[PDB]
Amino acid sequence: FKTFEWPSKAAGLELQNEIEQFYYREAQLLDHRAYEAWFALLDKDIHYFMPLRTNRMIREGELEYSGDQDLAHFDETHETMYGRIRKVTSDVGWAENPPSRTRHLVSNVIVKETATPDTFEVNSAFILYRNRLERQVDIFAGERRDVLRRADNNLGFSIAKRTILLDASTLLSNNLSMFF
């Protein structure tokens, strides 16, 4: 995917604060299982994407990530996400009933303004800490590359696009029952 393209003219302090506070609020919604609230942040043209990552020699490093027509961990539209919210808020959704306990620690927020005013490309790092049942702990880490629009909702922003670059090849977790 190559190093994120931060502008030399950094985003204003007012703008830097808004995006961070948006991610802090977002993580709060997810960590407290307010899934309907979080889902309302996703735009109708949302593309939710987490590609596979592989072990390659440096000379073939451009094959590290899976592509548009390869399999992925997530490759979701607004419609497919809606079914997942229905499953995760369902009594018969065994993988999250009883639900897990997660923590999204968000940092390393870099903001880029796009050709379209009030639309921003955002880079952020994270650790997702998942704890399930008695003693299960899966620790995920990675970066998120978002496209965010200024929106007239409770958080002041909506998610237009999300790519999650996870720092794993083989997944050490048995499932991805959580949202990134």
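The first residue of the shown sequence is 1; numbering continues from there. Think of the rigid core as the biggest set of C-alphas that the two forms share within 1.5 Å after superposition.
Colleague: Which segment is farther from the shown form on average in 8 other deposited structures of this protein after a rigid core fit, 5-13 or 161-169, going by CA atoms?
Modeller: It is 5-13 that deviates more in 8 other deposited structures of this protein.
Colleague: Name the stretch, 15-23 or 152-160, whose C-alpha atoms sit farther from the shown form on average in 8 other deposited structures of this protein, taking the rigid core as the superposition reference.
Modeller: Once the core is superposed, the stretch further away in 8 other deposited structures of this protein is 152-160.
Colleague: Using only the Cα atoms and their B-factors as the entry lists them, report which of 24-32 and 61-69 averages higher.
Modeller: Result: 61-69.
Colleague: Can you work out whether the C-alpha temperature factor of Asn108 puts it in the lowest, middle or highest third of the chain?
Modeller: For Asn108, whose C-alpha B-factor we compare with every modelled residue in the chain, the answer is the lowest third.
Colleague: Looking at the C-alpha B-factor of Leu41, is it in the lowest, middle or highest third of its chain?
Modeller: For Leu41, whose C-alpha B-factor we compare with every modelled residue in the chain, the answer is the lowest third.
Colleague: For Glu79, does the deposited CA B-factor place it in the lowest, middle or highest third of the chain?
Modeller: CA B-factor rank for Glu79: highest third.
Colleague: Based on the deposited C-alpha B factors for this chain, I'd like to know if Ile19 is in the lowest, middle or highest third.
Modeller: Bottom third by C-alpha B-factor.
Colleague: Comparing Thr114 with the other modelled residues of its chain, is its CA B-factor in the lowest, middle or highest third?
Modeller: Highest third.
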